[PDB]
Each structure stands twice: as structure tokens, then as C-alpha cells.
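Participant: Take a look at structure_34.cif, mmCIF, N, CA and C atoms:
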```
data_my_file
loop_
_atom_site.group_PDB
_atom_site.id
_atom_site.type_symbol
_atom_site.label_atom_id
_atom_site.label_comp_id
_atom_site.auth_asym_id
_atom_site.auth_seq_id
_atom_site.Cartn_x
_atom_site.Cartn_y
_atom_site.Cartn_z
ATOM 1 N N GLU A 1 -2.579 53.234 -9.697
ATOM 2 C CA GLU A 1 -3.871 52.912 -10.297
ATOM 3 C C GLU A 1 -4.758 52.105 -9.347
ATOM 4 N N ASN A 2 -4.158 51.507 -8.321
ATOM 5 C CA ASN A 2 -4.936 50.709 -7.374
ATOM 6 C C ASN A 2 -5.526 51.562 -6.248
ATOM 7 N N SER A 3 -4.776 52.568 -5.815
ATOM 8 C CA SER A 3 -5.275 53.472 -4.796
ATOM 9 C C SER A 3 -6.496 54.235 -5.322
ATOM 10 N N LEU A 4 -6.493 54.565 -6.615
ATOM 11 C CA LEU A 4 -7.572 55.351 -7.209
ATOM 12 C C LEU A 4 -8.851 54.532 -7.407
ATOM 13 N N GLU A 5 -8.686 53.234 -7.525
ATOM 14 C CA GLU A 5 -9.751 52.277 -7.632
ATOM 15 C C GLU A 5 -10.380 52.128 -6.267
ATOM 16 N N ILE A 6 -9.526 51.979 -5.292
ATOM 17 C CA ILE A 6 -9.927 51.806 -3.901
ATOM 18 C C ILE A 6 -10.602 53.072 -3.385
ATOM 19 N N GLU A 7 -10.092 54.226 -3.795
ATOM 20 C CA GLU A 7 -10.710 55.485 -3.396
ATOM 21 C C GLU A 7 -12.128 55.641 -3.939
ATOM 22 N N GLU A 8 -12.387 55.174 -5.154
ATOM 23 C CA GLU A 8 -13.741 55.336 -5.661
ATOM 24 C C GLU A 8 -14.700 54.326 -5.059
ATOM 25 N N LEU A 9 -14.188 53.186 -4.618
ATOM 26 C CA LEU A 9 -15.013 52.279 -3.839
ATOM 27 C C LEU A 9 -15.363 52.931 -2.500
ATOM 28 N N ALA A 10 -14.412 53.667 -1.941
ATOM 29 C CA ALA A 10 -14.643 54.350 -0.680
ATOM 30 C C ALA A 10 -15.726 55.420 -0.847
ATOM 31 N N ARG A 11 -15.607 56.231 -1.905
ATOM 32 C CA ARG A 11 -16.618 57.244 -2.230
ATOM 33 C C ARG A 11 -17.970 56.618 -2.545
ATOM 34 N N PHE A 12 -17.960 55.453 -3.184
ATOM 35 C CA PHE A 12 -19.195 54.726 -3.429
ATOM 36 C C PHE A 12 -19.855 54.348 -2.099
ATOM 37 N N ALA A 13 -19.061 53.841 -1.162
ATOM 38 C CA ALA A 13 -19.585 53.459 0.148
ATOM 39 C C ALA A 13 -20.235 54.639 0.836
ATOM 40 N N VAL A 14 -19.562 55.784 0.807
ATOM 41 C CA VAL A 14 -20.087 56.985 1.452
ATOM 42 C C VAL A 14 -21.356 57.463 0.748
ATOM 43 N N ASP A 15 -21.373 57.408 -0.582
ATOM 44 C CA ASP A 15 -22.575 57.813 -1.325
ATOM 45 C C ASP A 15 -23.753 56.899 -0.992
ATOM 46 N N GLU A 16 -23.497 55.595 -0.921
ATOM 47 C CA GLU A 16 -24.572 54.641 -0.648
ATOM 48 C C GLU A 16 -25.095 54.758 0.774
ATOM 49 N N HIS A 17 -24.200 55.030 1.728
ATOM 50 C CA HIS A 17 -24.626 55.269 3.104
ATOM 51 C C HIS A 17 -25.489 56.537 3.163
ATOM 52 N N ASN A 18 -25.086 57.557 2.410
ATOM 53 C CA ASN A 18 -25.801 58.833 2.414
ATOM 54 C C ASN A 18 -27.206 58.707 1.832
ATOM 55 N N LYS A 19 -27.342 57.883 0.799
ATOM 56 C CA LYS A 19 -28.655 57.584 0.223
ATOM 57 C C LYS A 19 -29.533 56.831 1.219
ATOM 58 N N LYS A 20 -28.935 55.882 1.925
ATOM 59 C CA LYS A 20 -29.693 55.006 2.808
ATOM 60 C C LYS A 20 -30.201 55.746 4.044
ATOM 61 N N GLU A 21 -29.395 56.661 4.575
ATOM 62 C CA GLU A 21 -29.731 57.337 5.833
ATOM 63 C C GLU A 21 -30.145 58.795 5.665
ATOM 64 N N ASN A 22 -30.203 59.264 4.420
ATOM 65 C CA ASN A 22 -30.344 60.690 4.117
ATOM 66 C C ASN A 22 -29.365 61.528 4.920
ATOM 67 N N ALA A 23 -28.111 61.101 4.883
ATOM 68 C CA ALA A 23 -27.034 61.778 5.569
ATOM 69 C C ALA A 23 -26.259 62.607 4.570
ATOM 70 N N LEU A 24 -25.278 63.352 5.068
ATOM 71 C CA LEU A 24 -24.410 64.124 4.195
ATOM 72 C C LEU A 24 -22.949 63.982 4.600
ATOM 73 N N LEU A 25 -22.512 62.754 4.864
ATOM 74 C CA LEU A 25 -21.101 62.512 5.144
ATOM 75 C C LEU A 25 -20.275 62.921 3.937
ATOM 76 N N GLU A 26 -19.134 63.543 4.190
ATOM 77 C CA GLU A 26 -18.255 63.908 3.100
ATOM 78 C C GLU A 26 -16.969 63.098 3.170
ATOM 79 N N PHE A 27 -16.711 62.283 2.149
ATOM 80 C CA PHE A 27 -15.495 61.478 2.101
ATOM 81 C C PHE A 27 -14.240 62.340 2.262
ATOM 82 N N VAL A 28 -13.309 61.902 3.102
ATOM 83 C CA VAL A 28 -12.030 62.601 3.220
ATOM 84 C C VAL A 28 -10.891 61.717 2.714
ATOM 85 N N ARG A 29 -10.780 60.501 3.232
ATOM 86 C CA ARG A 29 -9.665 59.654 2.821
ATOM 87 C C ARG A 29 -9.835 58.221 3.247
ATOM 88 N N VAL A 30 -9.094 57.343 2.582
ATOM 89 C CA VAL A 30 -9.024 55.944 2.972
ATOM 90 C C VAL A 30 -7.839 55.780 3.895
ATOM 91 N N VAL A 31 -8.027 55.108 5.023
ATOM 92 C CA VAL A 31 -6.910 54.926 5.936
ATOM 93 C C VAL A 31 -6.427 53.468 5.928
ATOM 94 N N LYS A 32 -7.280 52.546 5.507
ATOM 95 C CA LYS A 32 -6.884 51.142 5.452
ATOM 96 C C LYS A 32 -7.784 50.424 4.466
ATOM 97 N N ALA A 33 -7.202 49.572 3.632
ATOM 98 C CA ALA A 33 -7.981 48.853 2.633
ATOM 99 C C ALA A 33 -7.468 47.438 2.515
ATOM 100 N N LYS A 34 -8.388 46.488 2.460
ATOM 101 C CA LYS A 34 -8.039 45.096 2.205
ATOM 102 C C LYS A 34 -8.932 44.561 1.088
ATOM 103 N N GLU A 35 -8.332 43.999 0.039
ATOM 104 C CA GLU A 35 -9.120 43.338 -0.999
ATOM 105 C C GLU A 35 -9.073 41.817 -0.804
ATOM 106 N N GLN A 36 -10.239 41.196 -0.692
ATOM 107 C CA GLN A 36 -10.294 39.769 -0.435
ATOM 108 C C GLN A 36 -11.149 39.034 -1.457
ATOM 109 N N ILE A 37 -10.516 38.185 -2.267
ATOM 110 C CA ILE A 37 -11.224 37.372 -3.250
ATOM 111 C C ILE A 37 -11.713 36.073 -2.601
ATOM 112 N N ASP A 38 -13.008 35.833 -2.696
ATOM 113 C CA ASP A 38 -13.627 34.675 -2.065
ATOM 114 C C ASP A 38 -13.878 33.613 -3.125
ATOM 115 N N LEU A 39 -13.299 32.420 -2.944
ATOM 116 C CA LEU A 39 -13.437 31.363 -3.938
ATOM 117 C C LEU A 39 -14.213 30.170 -3.390
ATOM 118 N N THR A 40 -15.027 30.403 -2.366
ATOM 119 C CA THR A 40 -15.655 29.306 -1.642
ATOM 120 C C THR A 40 -17.064 28.992 -2.156
ATOM 121 N N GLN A 41 -17.582 29.827 -3.060
ATOM 122 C CA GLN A 41 -18.944 29.628 -3.564
ATOM 123 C C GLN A 41 -18.970 29.335 -5.063
ATOM 124 N N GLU A 42 -20.160 29.225 -5.647
ATOM 125 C CA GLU A 42 -20.272 28.893 -7.070
ATOM 126 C C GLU A 42 -19.765 30.024 -7.969
ATOM 127 N N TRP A 43 -19.924 31.261 -7.505
ATOM 128 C CA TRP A 43 -19.528 32.437 -8.273
ATOM 129 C C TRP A 43 -18.458 33.208 -7.540
ATOM 130 N N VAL A 44 -17.404 33.583 -8.255
ATOM 131 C CA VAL A 44 -16.304 34.345 -7.655
ATOM 132 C C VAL A 44 -16.807 35.738 -7.309
ATOM 133 N N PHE A 45 -16.381 36.270 -6.173
ATOM 134 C CA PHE A 45 -16.678 37.657 -5.857
ATOM 135 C C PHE A 45 -15.542 38.197 -5.025
ATOM 136 N N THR A 46 -15.521 39.515 -4.866
ATOM 137 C CA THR A 46 -14.485 40.208 -4.127
ATOM 138 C C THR A 46 -15.136 41.031 -3.004
ATOM 139 N N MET A 47 -14.566 40.981 -1.799
ATOM 140 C CA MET A 47 -14.948 41.887 -0.710
ATOM 141 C C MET A 47 -13.880 42.942 -0.499
ATOM 142 N N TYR A 48 -14.275 44.201 -0.348
ATOM 143 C CA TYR A 48 -13.341 45.207 0.122
ATOM 144 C C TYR A 48 -13.676 45.571 1.554
ATOM 145 N N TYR A 49 -12.685 45.463 2.435
ATOM 146 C CA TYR A 49 -12.803 45.960 3.806
ATOM 147 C C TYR A 49 -12.065 47.274 3.880
ATOM 148 N N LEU A 50 -12.803 48.339 4.163
ATOM 149 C CA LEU A 50 -12.277 49.692 4.036
ATOM 150 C C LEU A 50 -12.456 50.434 5.344
ATOM 151 N N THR A 51 -11.391 51.042 5.852
ATOM 152 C CA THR A 51 -11.550 52.019 6.920
ATOM 153 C C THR A 51 -11.302 53.379 6.288
ATOM 154 N N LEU A 52 -12.289 54.263 6.385
ATOM 155 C CA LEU A 52 -12.184 55.577 5.769
ATOM 156 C C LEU A 52 -12.536 56.664 6.768
ATOM 157 N N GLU A 53 -12.095 57.871 6.448
ATOM 158 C CA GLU A 53 -12.413 59.064 7.206
ATOM 159 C C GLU A 53 -13.371 59.929 6.387
ATOM 160 N N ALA A 54 -14.350 60.500 7.071
ATOM 161 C CA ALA A 54 -15.369 61.309 6.434
ATOM 162 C C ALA A 54 -15.846 62.320 7.447
ATOM 163 N N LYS A 55 -16.269 63.494 6.975
ATOM 164 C CA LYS A 55 -16.751 64.550 7.861
ATOM 165 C C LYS A 55 -18.248 64.440 8.085
ATOM 166 N N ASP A 56 -18.630 64.506 9.353
ATOM 167 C CA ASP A 56 -20.019 64.495 9.774
ATOM 168 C C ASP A 56 -20.283 65.755 10.586
ATOM 169 N N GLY A 57 -20.915 66.755 9.975
ATOM 170 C CA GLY A 57 -21.119 68.027 10.643
ATOM 171 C C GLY A 57 -19.799 68.694 10.983
ATOM 172 N N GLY A 58 -18.885 68.694 10.021
ATOM 173 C CA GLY A 58 -17.592 69.325 10.216
ATOM 174 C C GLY A 58 -16.696 68.675 11.264
ATOM 175 N N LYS A 59 -16.996 67.435 11.637
ATOM 176 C CA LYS A 59 -16.086 66.643 12.471
ATOM 177 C C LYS A 59 -15.665 65.399 11.712
ATOM 178 N N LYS A 60 -14.358 65.156 11.646
ATOM 179 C CA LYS A 60 -13.838 63.951 11.005
ATOM 180 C C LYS A 60 -14.034 62.751 11.909
ATOM 181 N N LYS A 61 -14.602 61.693 11.342
ATOM 182 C CA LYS A 61 -14.793 60.435 12.045
ATOM 183 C C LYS A 61 -14.315 59.288 11.169
ATOM 184 N N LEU A 62 -14.020 58.159 11.801
ATOM 185 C CA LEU A 62 -13.630 56.962 11.074
ATOM 186 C C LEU A 62 -14.809 56.022 10.889
ATOM 187 N N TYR A 63 -14.852 55.368 9.741
ATOM 188 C CA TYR A 63 -15.915 54.426 9.463
ATOM 189 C C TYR A 63 -15.306 53.159 8.906
ATOM 190 N N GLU A 64 -15.947 52.029 9.194
ATOM 191 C CA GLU A 64 -15.588 50.751 8.594
ATOM 192 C C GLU A 64 -16.673 50.350 7.613
ATOM 193 N N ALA A 65 -16.280 50.044 6.378
ATOM 194 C CA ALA A 65 -17.244 49.720 5.332
ATOM 195 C C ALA A 65 -16.869 48.385 4.701
ATOM 196 N N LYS A 66 -17.872 47.631 4.259
ATOM 197 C CA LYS A 66 -17.624 46.406 3.505
ATOM 198 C C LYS A 66 -18.322 46.524 2.174
ATOM 199 N N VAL A 67 -17.567 46.418 1.086
ATOM 200 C CA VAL A 67 -18.171 46.529 -0.231
ATOM 201 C C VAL A 67 -18.019 45.224 -0.993
ATOM 202 N N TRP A 68 -19.146 44.653 -1.408
ATOM 203 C CA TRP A 68 -19.170 43.438 -2.215
ATOM 204 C C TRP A 68 -19.057 43.819 -3.675
ATOM 205 N N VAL A 69 -18.223 43.094 -4.403
ATOM 206 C CA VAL A 69 -18.017 43.349 -5.819
ATOM 207 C C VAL A 69 -18.143 42.022 -6.554
ATOM 208 N N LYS A 70 -19.001 41.967 -7.563
ATOM 209 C CA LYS A 70 -19.105 40.768 -8.390
ATOM 210 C C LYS A 70 -17.810 40.428 -9.135
ATOM 211 N N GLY A 71 -17.420 39.156 -9.127
ATOM 212 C CA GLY A 71 -16.241 38.728 -9.856
ATOM 213 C C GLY A 71 -14.963 39.368 -9.349
ATOM 214 N N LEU A 72 -14.021 39.626 -10.258
ATOM 215 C CA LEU A 72 -12.758 40.293 -9.907
ATOM 216 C C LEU A 72 -12.769 41.772 -10.300
ATOM 217 N N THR A 73 -12.042 42.592 -9.553
ATOM 218 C CA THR A 73 -12.086 44.039 -9.747
ATOM 219 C C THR A 73 -11.671 44.459 -11.160
ATOM 220 N N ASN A 74 -10.659 43.808 -11.719
ATOM 221 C CA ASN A 74 -10.164 44.236 -13.024
ATOM 222 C C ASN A 74 -11.110 43.858 -14.158
ATOM 223 N N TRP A 75 -12.134 43.055 -13.871
ATOM 224 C CA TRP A 75 -13.110 42.705 -14.897
ATOM 225 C C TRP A 75 -14.000 43.900 -15.195
ATOM 226 N N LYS A 76 -14.082 44.833 -14.244
ATOM 227 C CA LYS A 76 -14.818 46.086 -14.444
ATOM 228 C C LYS A 76 -16.247 45.851 -14.945
ATOM 229 N N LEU A 77 -17.040 45.124 -14.164
ATOM 230 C CA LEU A 77 -18.318 44.603 -14.647
ATOM 231 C C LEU A 77 -19.418 45.661 -14.747
ATOM 232 N N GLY A 78 -19.249 46.763 -14.034
ATOM 233 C CA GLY A 78 -20.249 47.811 -14.051
ATOM 234 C C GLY A 78 -20.651 48.150 -12.634
ATOM 235 N N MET A 79 -21.135 49.368 -12.437
ATOM 236 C CA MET A 79 -21.448 49.873 -11.109
ATOM 237 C C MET A 79 -22.640 49.172 -10.457
ATOM 238 N N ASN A 80 -23.477 48.524 -11.266
ATOM 239 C CA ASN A 80 -24.630 47.787 -10.745
ATOM 240 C C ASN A 80 -24.254 46.488 -10.044
ATOM 241 N N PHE A 81 -23.016 46.052 -10.245
ATOM 242 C CA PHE A 81 -22.564 44.775 -9.723
ATOM 243 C C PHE A 81 -21.634 44.971 -8.526
ATOM 244 N N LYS A 82 -21.982 45.951 -7.700
ATOM 245 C CA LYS A 82 -21.290 46.309 -6.473
ATOM 246 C C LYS A 82 -22.370 46.501 -5.423
ATOM 247 N N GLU A 83 -22.049 46.276 -4.171
ATOM 248 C CA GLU A 83 -23.035 46.470 -3.117
ATOM 249 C C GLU A 83 -22.370 46.891 -1.814
ATOM 250 N N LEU A 84 -22.866 47.958 -1.183
ATOM 251 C CA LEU A 84 -22.456 48.275 0.189
ATOM 252 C C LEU A 84 -23.151 47.319 1.145
ATOM 253 N N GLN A 85 -22.395 46.480 1.842
ATOM 254 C CA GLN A 85 -23.019 45.501 2.727
ATOM 255 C C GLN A 85 -23.015 45.941 4.182
ATOM 256 N N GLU A 86 -22.060 46.793 4.537
ATOM 257 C CA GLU A 86 -21.979 47.306 5.894
ATOM 258 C C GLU A 86 -21.218 48.629 5.911
ATOM 259 N N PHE A 87 -21.658 49.535 6.780
ATOM 260 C CA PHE A 87 -21.064 50.857 6.967
ATOM 261 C C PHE A 87 -21.392 51.305 8.389
ATOM 262 N N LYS A 88 -20.373 51.455 9.230
ATOM 263 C CA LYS A 88 -20.605 51.771 10.639
ATOM 264 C C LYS A 88 -19.431 52.549 11.243
ATOM 265 N N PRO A 89 -19.698 53.376 12.267
ATOM 266 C CA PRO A 89 -18.609 54.073 12.962
ATOM 267 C C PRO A 89 -17.672 53.075 13.618
ATOM 268 N N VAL A 90 -16.388 53.390 13.745
ATOM 269 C CA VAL A 90 -15.455 52.449 14.369
ATOM 270 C C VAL A 90 -15.708 52.325 15.868
#
```
Output the file's structure as C-alpha cells, nothing else.
Facilitator:
Amino acid sequence: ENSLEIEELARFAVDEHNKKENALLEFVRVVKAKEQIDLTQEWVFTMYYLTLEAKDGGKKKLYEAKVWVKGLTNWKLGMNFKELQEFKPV
């Protein structure tokens, strides 16, 4: 149940990058995922550090993405309370 959660965050990252750049990257897979809960500020939040593979013009490439999530993941706060903060080729 955790891999499937992480996979949809990965697909979210790819969708948000595609909206931002008018690209058409196609998600293939997650190759590395780290969930990090940050307790250093007034409001709890979670960062996901994701390395994923996606096709760009029929070539598979690796990307590093950072997804900010309000609160804790299991709180399931809604899709509006997530943000792609970074997405770049490795």
C-alpha cells in the first residue's frame, strides 16, 4: 500500500512537470523514494524525494523530483495540499 502511494506521487510529479513545460513525459517507474517528515516549523509537512524513470520522445531518462505534502501522508488531506517543488534530469 506504500509503493502505490509513492507511485501516484511520482505520477503527480510527472503530470505537474508536463503542465508547467507543456511536455509529454510518460511515467515509467519509481527507482528510489525517500519520505521525510519535517518537524522544524510551525506546521508539520512531508517531503518526498523521488528518483523516477519516464520516457521523453521514446527514450527513458531519470529524473529527480521533490514533492511537498501538507501534514502527514496518511492524513490524506486532498490533492490541493501537495506541491511539486523541483523536477530535473539527473
Participant: Excluding range 10-24 of chain A and residues on its chain fewer than 4 positions from it, collect all residues at most 6.5 Å away from it, counting all atoms listed in the file, and give them as a list in words.
Facilitator: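 Selected residues are residues 5, 6, 55, 56, 57 and 84 of chain A.
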Participant: Given the file above and the PyMOL selection byres ((chain A and resi 36-46) around 8), which residues are selected, and can you give them as a ChimeraX atom specification?
Facilitator: /A:33-35,47-49,67-73
Participant: Rounded to one decimal place, report the atom N of residue 30 in chain A-atom N of residue 64 in chain A distance in Å.
Facilitator: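 Atom N of residue 64 in chain A lies at a distance of 10.9 Å from atom N of residue 30 in chain A.
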Participant: Between CA of residue 51 in chain A and atom N of residue 29 in chain A, measure the distance and give it in Å to one decimal.
Facilitator: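 Those two atoms sit 9.3 Å apart.
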Participant: Would you compute the distance between atom C of residue 81 in chain A and atom C of residue 54 in chain A? Give it in Å to one decimal.
Facilitator: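 About the pair atom C of residue 81 in chain A and atom C of residue 54 in chain A: they are 24.3 Å apart.
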Participant: I'd like to know which residues of chain A are strand (DSSP E or B) (by DSSP, run on the backbone); could you write them as JSON, numbers by chain?
Facilitator: {"A": [26, 27, 28, 29, 30, 31, 32, 33, 34, 35, 36, 37, 38, 45, 46, 47, 48, 49, 50, 51, 52, 53, 54, 55, 60, 61, 62, 63, 64, 65, 66, 67, 68, 69, 70, 82, 83, 84, 85, 86, 87, 88, 89]}
Participant: Please dump the current selection as a short mmCIF file (atom, residue, chain, number, x, y, z; two decimals), in the coordinates of the input; keep N, CA and C atoms.
Facilitator:
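And here is the file that came out, selection_0.cif:
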```
data_model
loop_
_atom_site.label_atom_id
_atom_site.label_comp_id
_atom_site.auth_asym_id
_atom_site.auth_seq_id
_atom_site.Cartn_x
_atom_site.Cartn_y
_atom_site.Cartn_z
N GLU A 26 -19.13 63.54 4.19
CA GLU A 26 -18.26 63.91 3.10
C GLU A 26 -16.97 63.10 3.17
N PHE A 27 -16.71 62.28 2.15
CA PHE A 27 -15.50 61.48 2.10
C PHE A 27 -14.24 62.34 2.26
N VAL A 28 -13.31 61.90 3.10
CA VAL A 28 -12.03 62.60 3.22
C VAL A 28 -10.89 61.72 2.71
N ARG A 29 -10.78 60.50 3.23
CA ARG A 29 -9.66 59.65 2.82
C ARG A 29 -9.84 58.22 3.25
N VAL A 30 -9.09 57.34 2.58
CA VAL A 30 -9.02 55.94 2.97
C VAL A 30 -7.84 55.78 3.90
N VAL A 31 -8.03 55.11 5.02
CA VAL A 31 -6.91 54.93 5.94
C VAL A 31 -6.43 53.47 5.93
N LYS A 32 -7.28 52.55 5.51
CA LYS A 32 -6.88 51.14 5.45
C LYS A 32 -7.78 50.42 4.47
N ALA A 33 -7.20 49.57 3.63
CA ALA A 33 -7.98 48.85 2.63
C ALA A 33 -7.47 47.44 2.52
N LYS A 34 -8.39 46.49 2.46
CA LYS A 34 -8.04 45.10 2.20
C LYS A 34 -8.93 44.56 1.09
N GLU A 35 -8.33 44.00 0.04
CA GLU A 35 -9.12 43.34 -1.00
C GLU A 35 -9.07 41.82 -0.80
N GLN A 36 -10.24 41.20 -0.69
CA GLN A 36 -10.29 39.77 -0.44
C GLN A 36 -11.15 39.03 -1.46
N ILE A 37 -10.52 38.18 -2.27
CA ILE A 37 -11.22 37.37 -3.25
C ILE A 37 -11.71 36.07 -2.60
N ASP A 38 -13.01 35.83 -2.70
CA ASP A 38 -13.63 34.67 -2.06
C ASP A 38 -13.88 33.61 -3.12
N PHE A 45 -16.38 36.27 -6.17
CA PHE A 45 -16.68 37.66 -5.86
C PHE A 45 -15.54 38.20 -5.03
N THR A 46 -15.52 39.52 -4.87
CA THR A 46 -14.48 40.21 -4.13
C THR A 46 -15.14 41.03 -3.00
N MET A 47 -14.57 40.98 -1.80
CA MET A 47 -14.95 41.89 -0.71
C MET A 47 -13.88 42.94 -0.50
N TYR A 48 -14.28 44.20 -0.35
CA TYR A 48 -13.34 45.21 0.12
C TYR A 48 -13.68 45.57 1.55
N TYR A 49 -12.68 45.46 2.44
CA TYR A 49 -12.80 45.96 3.81
C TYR A 49 -12.06 47.27 3.88
N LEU A 50 -12.80 48.34 4.16
CA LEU A 50 -12.28 49.69 4.04
C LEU A 50 -12.46 50.43 5.34
N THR A 51 -11.39 51.04 5.85
CA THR A 51 -11.55 52.02 6.92
C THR A 51 -11.30 53.38 6.29
N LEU A 52 -12.29 54.26 6.38
CA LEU A 52 -12.18 55.58 5.77
C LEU A 52 -12.54 56.66 6.77
N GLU A 53 -12.10 57.87 6.45
CA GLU A 53 -12.41 59.06 7.21
C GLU A 53 -13.37 59.93 6.39
N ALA A 54 -14.35 60.50 7.07
CA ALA A 54 -15.37 61.31 6.43
C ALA A 54 -15.85 62.32 7.45
N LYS A 55 -16.27 63.49 6.98
CA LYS A 55 -16.75 64.55 7.86
C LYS A 55 -18.25 64.44 8.09
N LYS A 60 -14.36 65.16 11.65
CA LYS A 60 -13.84 63.95 11.00
C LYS A 60 -14.03 62.75 11.91
N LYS A 61 -14.60 61.69 11.34
CA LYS A 61 -14.79 60.44 12.04
C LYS A 61 -14.32 59.29 11.17
N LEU A 62 -14.02 58.16 11.80
CA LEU A 62 -13.63 56.96 11.07
C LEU A 62 -14.81 56.02 10.89
N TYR A 63 -14.85 55.37 9.74
CA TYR A 63 -15.92 54.43 9.46
C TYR A 63 -15.31 53.16 8.91
N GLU A 64 -15.95 52.03 9.19
CA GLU A 64 -15.59 50.75 8.59
C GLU A 64 -16.67 50.35 7.61
N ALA A 65 -16.28 50.04 6.38
CA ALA A 65 -17.24 49.72 5.33
C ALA A 65 -16.87 48.38 4.70
N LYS A 66 -17.87 47.63 4.26
CA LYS A 66 -17.62 46.41 3.50
C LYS A 66 -18.32 46.52 2.17
N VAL A 67 -17.57 46.42 1.09
CA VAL A 67 -18.17 46.53 -0.23
C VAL A 67 -18.02 45.22 -0.99
N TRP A 68 -19.15 44.65 -1.41
CA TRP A 68 -19.17 43.44 -2.22
C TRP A 68 -19.06 43.82 -3.68
N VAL A 69 -18.22 43.09 -4.40
CA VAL A 69 -18.02 43.35 -5.82
C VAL A 69 -18.14 42.02 -6.55
N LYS A 70 -19.00 41.97 -7.56
CA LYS A 70 -19.10 40.77 -8.39
C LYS A 70 -17.81 40.43 -9.14
N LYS A 82 -21.98 45.95 -7.70
CA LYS A 82 -21.29 46.31 -6.47
C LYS A 82 -22.37 46.50 -5.42
N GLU A 83 -22.05 46.28 -4.17
CA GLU A 83 -23.04 46.47 -3.12
C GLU A 83 -22.37 46.89 -1.81
N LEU A 84 -22.87 47.96 -1.18
CA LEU A 84 -22.46 48.28 0.19
C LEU A 84 -23.15 47.32 1.14
N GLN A 85 -22.40 46.48 1.84
CA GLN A 85 -23.02 45.50 2.73
C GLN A 85 -23.02 45.94 4.18
N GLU A 86 -22.06 46.79 4.54
CA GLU A 86 -21.98 47.31 5.89
C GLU A 86 -21.22 48.63 5.91
N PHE A 87 -21.66 49.54 6.78
CA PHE A 87 -21.06 50.86 6.97
C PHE A 87 -21.39 51.30 8.39
N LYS A 88 -20.37 51.46 9.23
CA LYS A 88 -20.60 51.77 10.64
C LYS A 88 -19.43 52.55 11.24
N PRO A 89 -19.70 53.38 12.27
CA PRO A 89 -18.61 54.07 12.96
C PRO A 89 -17.67 53.08 13.62
#
```
Participant: Select, from A:8, A:75, A:58, A:63, the residue with the minimum atom-to-atom distance to residue 87 in chain A, counting only N, CA and C atoms.
Facilitator: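 So, comparing all the options, the nearest one is A:63.
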